[PDB]
Structure formats: C-alpha cells, structure tokens
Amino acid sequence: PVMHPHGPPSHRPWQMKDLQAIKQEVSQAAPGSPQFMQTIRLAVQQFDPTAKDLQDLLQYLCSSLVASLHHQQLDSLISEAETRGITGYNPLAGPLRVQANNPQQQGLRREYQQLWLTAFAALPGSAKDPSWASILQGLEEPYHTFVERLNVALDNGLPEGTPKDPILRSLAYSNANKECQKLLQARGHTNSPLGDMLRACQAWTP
C-alpha cells in the first residue's frame, strides 16, 4: 500500500490482517462476481496499492490459473491503453509496471489500478466448471430450500451484469431431483415464472 500522511508518499508492505479481512469479505464469491468486484474495488481505494501490491493481492485471493489469465488480459488492456495515452507513463523511463511501483507516480499508479480492476471481466467464462452448475437436489432435499440454495451459488458465481432469472429457472429444473421433477409439464405460467416452480412444490410430501 501507498501511505498518505496528514503532513511524502511511501510504500509499506501488505499487513496479513488486511489481506485476510479482504478474503473473508470476498467470502465465496468467484472472481468477477459482484461481491468479489465490490470488495477488491473498496480495497484498491483504501490501500492505494502499487502494481507489486496488486500482484500479491491477486495471488492471495485467486488460484494460480486464474492469476495467469488475469495477467494475460491485463497485458492486452495495457497495450491497448498505451495507444490511447497513459497519464504518467514515460515510454523511455522503463517498463510501466516498474514505474507504477514508484510511490511518487500517483497518476500512473491510479491508472494501473483501474486497468488491473477491469482485467477481471474476462476471467469468468474461462471457468467452464463453476460450482453453481453442480448444486443438485438430492432425493431428500426440499424444493423450496433448493431454489434458495441455487440463488446463493449464482449470486456468488455469476459475473456482474449477467441475467440470473433465466438461469435459475432452468437450473431449478435441470438440477432438481427426479422426485418432484414430474410436476414440470403443467408448469404454471406467469410474468416472473420463478413464482410457479415453487407453487408446484410449495407443498411436497416426501
């Protein structure tokens, strides 16, 4: 992090307590999901991290594969942004990442943080086996409990700005047990269909 005294800027290493608190706030959110993004967005604001700090934070929160995909995307976003013009970037003063580690280069650091943040958008979709696809209703699970069970896994797994209602509707079916799955040819029809698949199983005697 880069410290801002009340009365020059200086870098200080991450404190494990702060990293730990970030991971606990991210909770079960997958990289790119809303909770994940709000968390690391708040962290970048609070700690004004350098490029090196951001690399430590990445490896603490995400798997080694995810970290590599992030690096690939971030490199492309960097190249593209260089053409448009990066504030504080002297192409003759060495690699941009080295420059972003100079705590005096605030503008350049703030730009790098924003590209670092934006890079997470491309990460989902490269995960073809999310956990929310696995959540499946057992022969014993109630239906009303299962629909919420899927809602949270989608809340934690789906990237930002992605439809969830059309996902849960199919998932509340494709991932339901064969027990209650037989009430799904006369499925009720409403405006928000979700209210129906529950009406069908609003009362389900085992």
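Numbers follow the displayed sequence, beginning with 1.
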How much of the deposited sequence is absent from the coordinates between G7 and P8: none, 1 to 3, 4 to 9, or 10 or more residues?
1 to 3
So, looking at the entry's B-factor column for Cα atoms, which has the higher mean, 129-137 or 104-112?
129-137
Look over 182-190 and 18-26 in the entry and identify the one with the greater average Cα temperature factor.
182-190
Going by the CA temperature factor in the entry, name the top one among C62, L158, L171, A43.
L171
From the list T162, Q35, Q55, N177, select the residue with the highest C-alpha B factor recorded in the entry.
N177
Chain thirds of CA B-factor: placement of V2
lowest
Should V66 be placed in the lowest, middle or highest third of its chain by the C-alpha B factor in the entry?
lowest
